[PDB]
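Protein chains in written order, with the authors' numbering: chain A, 4 to 542; chain C, 40 to 452; chain B, 49 to 183. For every residue, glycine included, the Cβ atom is placed at its ideal position computed from N, Cα and C. First comes the structure, then the notes that go with it.
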Amino acid sequence: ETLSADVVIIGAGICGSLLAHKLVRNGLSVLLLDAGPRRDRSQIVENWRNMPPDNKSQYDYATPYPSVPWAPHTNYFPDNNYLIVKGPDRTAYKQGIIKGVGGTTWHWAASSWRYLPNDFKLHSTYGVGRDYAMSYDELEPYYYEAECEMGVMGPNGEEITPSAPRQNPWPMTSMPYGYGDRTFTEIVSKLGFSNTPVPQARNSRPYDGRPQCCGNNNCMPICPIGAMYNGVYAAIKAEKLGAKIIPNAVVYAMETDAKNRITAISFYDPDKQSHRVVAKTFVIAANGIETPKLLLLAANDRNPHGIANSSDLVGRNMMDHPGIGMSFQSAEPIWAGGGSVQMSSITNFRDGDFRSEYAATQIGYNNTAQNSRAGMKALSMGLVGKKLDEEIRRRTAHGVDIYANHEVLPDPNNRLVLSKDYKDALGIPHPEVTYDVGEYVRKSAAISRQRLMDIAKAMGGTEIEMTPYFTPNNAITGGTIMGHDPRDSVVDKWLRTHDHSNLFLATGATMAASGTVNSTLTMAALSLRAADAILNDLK
Amino acid sequence: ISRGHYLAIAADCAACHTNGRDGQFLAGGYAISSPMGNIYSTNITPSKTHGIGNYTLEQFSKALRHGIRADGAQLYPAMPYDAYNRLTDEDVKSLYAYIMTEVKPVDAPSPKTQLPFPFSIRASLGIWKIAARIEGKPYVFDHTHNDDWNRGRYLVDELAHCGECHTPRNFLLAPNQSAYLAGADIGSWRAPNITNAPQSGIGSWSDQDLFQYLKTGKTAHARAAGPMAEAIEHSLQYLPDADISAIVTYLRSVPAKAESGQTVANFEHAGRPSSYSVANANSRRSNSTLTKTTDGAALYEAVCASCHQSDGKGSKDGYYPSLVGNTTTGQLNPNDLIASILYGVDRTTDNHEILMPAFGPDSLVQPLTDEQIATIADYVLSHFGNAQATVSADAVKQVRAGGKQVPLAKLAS
Amino acid sequence: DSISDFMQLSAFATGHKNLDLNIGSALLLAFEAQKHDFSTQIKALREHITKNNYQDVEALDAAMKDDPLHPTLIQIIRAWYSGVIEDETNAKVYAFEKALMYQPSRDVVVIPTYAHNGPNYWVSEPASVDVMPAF
Ligand SMILES: Cc1cc2nc3c(=O)[nH]c(=O)nc-3n(C[C@H](O)[C@H](O)[C@H](O)COP(=O)(O)OP(=O)(O)OC[C@H]3O[C@@H](n4cnc5c(N)ncnc54)[C@H](O)[C@@H]3O)c2cc1C
Ligand code: HEC
Ligand code: HEC
Ligand code: HEC
Ligand code: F3S
C-alpha cells in the first residue's frame, strides 16, 4: 500500500495534532505518523505511582513513559544516552522528550505563554539575536485560537510588567494561589520582584469536557484526571474527524523530484519494514531535535547536505532557556504543593533596555510537593521514631525550589550533527548537540545568581544548594531558523521550507528567538499559521 | 418573573426546545433519542413564519394538551402532552401569553423528524392516544389533602412530568399507571424508583436530603447525572423553596412499589474494607497503553482513584462523591453506574459546574473498552456498591448503543 | 508466625500501630528474597527488645549502636517509610499513598497523584508545623 493522503504530518505532538485537527476540520484528508506508540494516561499514572520515591524527589519526568527501542526518547536517571550532548554547557541541553501519540506535551507543565512584541523584533530593537519573519500582530489571532483550543487560564483582570497585550481576555481566569505561591509573592514583592500568575493550559473550571484541576500538583509528568492540556486531546479529536493515525512509524527518508518538491516519504515500523507514503503536502512536526535530525538523515542526491539544507542551517542556531536551580530550607513554612506545579513566576525582567547587553530572565518558584524529597532526605539522615516524623514534616513544610531561566541567542555553532558513534534499533543515528551558553547568558546569570541569593536570604534559607552548571528547560527551539532570505533561513514566514515548496515545518525549530518563557504556545500558534497556509495552498 | 415564565421554567419546556447550551432558546432543533429514531423539537419562539407566532389560544392549548398541531397533524409522544393534558386553563393561558410576548422570535427552521415506517406518518397516533387513555379533565385540588400535597402532585405530574421518565412504559410505549413512579429505562440512563418504598425507593431518604437533591442535585448519598443533570440545571434549581417542599411532601405520599430482591436502601450499602495491591503493579511498569491491566482493582486505582479515594469514600469536602453508600453504585440495576462511567456527570447549578470526565470510547482523558469498564464497575459494585449487582461487557455495549431496544421498535425493520 | 513477628517489629520500629498487612507481607517476602537469613535477624532484634525492655525505638536506636543489627533495623524503617528496599531506579515500590513518609504532611501537602479535598482547597490556610496530624 502507498498510503495516499492529502496531507501527511510526521509527528503526533501538540503541533502535529493541532495542525491535523485544524486540517480535518476543513475537509482535508490527513495522515498522522508518529514514531512512538499509543499511550494511555491511566497507565502512565500507574507507572509514576510505582516509580521509586527517589525518582519522584529528583524530578524524573521520563520513567513513567517507557522508551521504545525503535523510537527511543531521553531518560536521564539511568541516562540512556539517546541524546549525546557536548560543549562547555552540555548539561544545559539534556532536554526531555517523549515519543508517542501526544508527544512531549504528555508530561509538560502546561505553561502556555504569549511572547512579547519585542521577542519578534529582538534584533531590530536591541541588536542581538535574530528577527522573526513575522510580527506579534500577525500571530495574535493564532495565539488566541490556540489558547481557546487548549483552554489557557490566566490573570484576566490584572496589570503586568509587559505581558504580550491581548485583544481578548483569557478563556478562563487564573485559579487562586496556594499558600506557597502567596508567601513567595509577598516575599519577592518585599524584595522588589513582581510575582504574577503563569498563564496555564489548565482548567480553573470544567472545560472541553475535562474536569477542573483538583490540585494534584503532578502536572509534571502526568495529571491523573486530565485537567491540563495534552497533545493527545488534539490527536483524538483529529482521529474522530477522519484523520488516520499510524503509531510506531519512524520516518527515515524523503524523495524529491526535479523541482525539489517532496513527492513521497518512507517510514519504518518496529520490524524495520519500509512503507511508502505519498501526499500532496508534507509536514514535519516532530521536535526541535527530531525535525532537524530527520532533515539531515534523509539527505538525497539533490540535497546532499540534508532536506531543506541549502543554507547549511538545519540543526544550527539551537536555543533553549538555560536555568539555574536552587534548593534550600526556608525559615518560615512555605507548604509547597497547593495547586499546580508552576503557578507563578517573576516576569519583572522579561523585557528592558538591558537586553542589548545581557539576557533577560524569568525567575520562578517551583510548586511541586516536597513530601517525597523531605521523606527521602530525612531517611538519609538516619533518624528514627518521633524525630523522623518531625523532620519529615519540617522539611516538607520548609522545602523551597527556585529556578531562573535565561534567553540564549541563536548561535550557528550549536549544531545537531548526526552522531557517528551511536545508533538505535533501526540504525538511525542518535542526535548530537554541541551546546554553548554564550557570553549573553553568562552575563545574565552573573546577575541572576545574585537575585537567587537575595531571594534565599529573604526567606532566611538554610542548606542553600545551587546548581554550578546550567540546567535545561525543554524549550527546544531553533534548528530550522525562519526568515526572509533563503540563504539565511530554512523556512519563510508561513513555515514553508525555501528549498521545497511542498514541505512545511510546524515545529518549534522554526522560531528565531528562544524568548524568556516557555514556547509551546508559540509553537501551537505557528502550527495554526501553517495550517492556514496549507489550506490556502490546497484550495 | 411573570406567572407564564415561572410555569415555563417549571414545565422544563426550555430543556427540550433549546438545542443544548447554544442555539438560542425555544428555537427547537434538539434531537430526542426516541426508541425508534430521533425526534427533533419544533420551533416555539413566536415567529409568524418559522415558529408558532400564528397560533391562537385554542390552537396552542390543543398542541400543548391534546398533542394536535395547528394544521391538524398529531404531535409525537416526545411531547409530554399526556402529562400536560391536566394543566389548568389559566396555566395554559399564562404559558401562551409568555410564549407570545416574553420570548423574542427566532426565524430559523428546525430539522424535520424523519421516522421509519410505520412511524413515518403522524396519523396513526390517534389510535395510540386512544389506547393510552391520555385524555383527562384539567387538574383540580383534592380537598382530602392539604394545599401543599395538591401543589406537589400538580408539579410532579403536570408541570415537571416526573412520571415521563420515572414511570415504566407498556408494550405500546404508553405510561404504565400500575407502576407509578416505579422506575424506568429511558435509553442509556435508568430513572430509579422514587416511590415511598423504604428499601426499593426513596422512602428512607431524609426530607432535608431529598429537598437538597431536588434543589441542587448534590447530596452526600446521591448526585444527579444525565437527565437529572439537565432537569435540575434547567428547571428544578429555579423553582421556589415552597415548590420543592410541596414536591417532597407529595413524594412522601406516593404508594410504594417494591423491587424484586431488595434488602437495604440504595444508599445504605457499606463499603468493603479492601483495595488493590501496589506491589502487584510493579510488573506492569514499562507497559504503557494498559491492555495487560485486567485487574479490576488496579484499573479502578489507575483511572478513578485519583478523585474518589482508594477506599471509595471520596474527598473530605464532598466535591468528589463517596462511592461507598452512593445510590448510583448501590442500585441493584447497574445501568446508572455504567452510564456514569461511559458519559460522565455534568451539572451546572447556580452557575457552578461539576464535571466527571467521560470514560467511553469518545473520552479525551482516558478511553476505556467494554471489558475494562465492566471490570471497573464490577470492582466498584463488589467493594463500594451493591454486591449482588454485576456488569458484563455486553451490558456496557448495550448501554453504549442506547439501552435495550423495545420490542415495538423492532417492528420497523 | 514469621509474618506476625515482622509486623510486631515493624510496629515497634516505626512507632505506629496501624500498618497495612498486605504491604507488610510483601515487604517481608521481598526482604527474605533479598536476604536469606532475614528472619534470624528479626528474631534477634525482638529478643533484644524483650531482654532490654526498650520503651520505644528511640531508646533501641540510642543503645545497640554499632551492633550488626542496626543496618537491618534501619532498612526496615526505610522500607516502611519510603516503600522501597533498594536504591536503584527500577526498585519495586511496595507502598505509595500509604508509605509512612507521606503521612506527617498528609493533612496539608497533597500526596501528588491522589487529590486532596476539592478543586480549590489550597485557598484555606495550612495547619501549624508543630502539630503531628495522626498515626
Ligand atoms: C518536563 C517538561 C515540561 C515542560 N513544560 C512546559 C511548560 O510548562 N510550558 C511549555 O510551553 N512547554 C513546556 N515543555 C515543552 C513542551 O513539552 C514542548 O515544547 C512541546 O511538547 C513540543 O511538542 P512538538 O509537537 O513540537 O514535538 P513533540 O510533541 O515532542 O513530538 C511530536 C511527535 O513526533 C514524533 N516523532 C519524532 N521524530 C519522528 C520521526 N522521525 N518520525 C515520526 N515521528 C517522529 C514523536 O514520537 C512525538 O510523538 C515541557 C517539556 C518537558 C519535557
Ligand atoms: C420531578 C421533578 C422529578 C423528581 C421528583 C425526580 N425526578 Fe428523576 N431521575 C432521572 C434519572 C435518569 C435519574 C438517575 C440518574 C443516575 O442514574 O444517576 C433520576 C434520579 C432521580 C432521583 C434519585 C434516585 C436515586 O438516585 O436513587 C430522584 C429522587 C428523582 N429522580 C426524582 C430522570 C428524570 C427525568 C427525565 C426522564 C425527569 C423529568 C425526572 N427525572 C424528574 C424527576
Ligand atoms: C472510575 C472510572 C470512576 C468511577 C467508577 C466513578 N467516577 Fe466519579 N465523579 C466525579 C465527580 C466530580 C462527580 C459528581 C459531579 C458533581 O457532583 O458535580 C462524580 C460522580 C460519580 C458517580 C455518580 C454519583 C451519584 O450519581 O450519586 C459515580 C457512580 C462515579 N463518579 C464513579 C469525579 C471523578 C473523577 C475526577 C476527579 C474521576 C477520575 C472519576 N470521577 C472517576 C470515576
Ligand atoms: C414548556 C412546555 C412546552 C411547550 C409550551 C411546548 N413544548 Fe414541545 N415538542 C417537543 C417535540 C419533540 C415536539 C414535536 C414532535 C411531534 O411532532 O410530535 C414538540 C412540539 C411542540 C409544539 C408543536 C409546534 C410544532 O410546530 O410542532 C408546541 C406548541 C410545543 N411543543 C410547545 C418536545 C418537548 C419536550 C421534550 C424535550 C418538552 C419538555 C416540551 N416539548 C415542552 C413543551
Ligand atoms: S495538570 Fe491538573 S490534575 Fe492537578 S496535577 Fe496539575 S492541576
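Span separating the alpha-carbon of residue i from that of residue j
{"i": "C:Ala170", "j": "C:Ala162", "result": "14 Å"}
{"i": "A:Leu298", "j": "A:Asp424", "result": "19 Å"}
{"i": "A:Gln98", "j": "A:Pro475", "result": "6 Å"}
{"i": "C:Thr333", "j": "C:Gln153", "result": "43 Å"}
{"i": "B:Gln103", "j": "B:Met149", "result": "22 Å"}
{"i": "C:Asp350", "j": "A:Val155", "result": "33 Å"}
{"i": "C:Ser421", "j": "C:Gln427", "result": "8 Å"}
{"i": "A:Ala204", "j": "A:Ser114", "result": "6 Å"}
{"i": "C:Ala213", "j": "C:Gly202", "result": "11 Å"}
{"i": "residue 549 of chain A", "j": "A:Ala478", "result": "A question about residue 549 of chain A goes unanswered here, because the residues of chain A that appear run from 4 up to 542."}
{"i": "C:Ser284", "j": "C:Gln113", "result": "36 Å"}
{"i": "A:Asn263", "j": "A:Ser504", "result": "8 Å"}
{"i": "A:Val494", "j": "A:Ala516", "result": "14 Å"}
{"i": "A:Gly30", "j": "A:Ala23", "result": "11 Å"}
{"i": "C:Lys101", "j": "C:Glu174", "result": "12 Å"}
{"i": "A:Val131", "j": "A:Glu468", "result": "33 Å"}
{"i": "A:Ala302", "j": "A:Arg93", "result": "27 Å"}
{"i": "B:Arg154", "j": "A:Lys389", "result": "16 Å"}
{"i": "A:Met384", "j": "A:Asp354", "result": "43 Å"}
{"i": "C:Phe180", "j": "C:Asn189", "result": "6 Å"}
{"i": "A:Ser138", "j": "A:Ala534", "result": "18 Å"}
{"i": "C:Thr81", "j": "C:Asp51", "result": "15 Å"}
Residue i - DSSP class collapsed to helix/strand/coil
{"i": "C:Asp146", "result": "coil"}
{"i": "A:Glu468", "result": "strand"}
{"i": "C:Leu394", "result": "strand"}
{"i": "C:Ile83", "result": "coil"}
{"i": "C:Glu307", "result": "coil"}
{"i": "A:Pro434", "result": "strand"}
{"i": "C:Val287", "result": "helix"}
{"i": "C:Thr387", "result": "strand"}
{"i": "B:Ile122", "result": "helix"}
{"i": "A:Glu150", "result": "helix"}
{"i": "C:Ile225", "result": "coil"}
{"i": "A:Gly402", "result": "strand"}
CB contact flag (residue i, residue j, <8 Å)
{"i": "B:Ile97", "j": "B:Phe60", "result": "yes"}
{"i": "A:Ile225", "j": "A:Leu419", "result": "no"}
{"i": "C:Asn77", "j": "C:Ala70", "result": "yes"}
{"i": "A:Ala289", "j": "A:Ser20", "result": "no"}
{"i": "B:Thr137", "j": "A:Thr66", "result": "yes"}
{"i": "C:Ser133", "j": "C:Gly43", "result": "yes"}
{"i": "A:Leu194", "j": "A:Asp414", "result": "no"}
{"i": "A:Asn408", "j": "A:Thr164", "result": "no"}
{"i": "A:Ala38", "j": "A:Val253", "result": "yes"}
{"i": "B:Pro167", "j": "C:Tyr289", "result": "no"}
{"i": "A:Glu150", "j": "A:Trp116", "result": "no"}
{"i": "A:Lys296", "j": "A:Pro434", "result": "yes"}
{"i": "A:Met321", "j": "A:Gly486", "result": "no"}
{"i": "A:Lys89", "j": "A:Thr523", "result": "no"}
For this session: Jot down the residue ranges of each uninterrupted beta strand (DSSP E) in the stretch 268–338 of chain A, minimum 3 residues, whole runs only, in chain order.
Result: Qualifying beta strand (DSSP E) stretches, in chain order: 277–287, 319–322 and 329–332.
For this session: Could you name the residues whose beta carbon sits closer than 5 Å to any heavy atom belonging to ligand 5, keeping them in chain order?
Result: A:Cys216, A:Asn219, A:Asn221, A:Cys222, A:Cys226, A:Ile228, A:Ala230, A:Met231 and A:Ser343
Problem set entry | Length at least 3, wholly inside the stretch 477–524 of chain A: the beta strand (DSSP E) runs in chain order | 480–482 and 506–508
Problem set entry | Complete beta strand (DSSP E) runs within the stretch 71–140 of chain C (minimum length 3 residues, chain order) | 76–79
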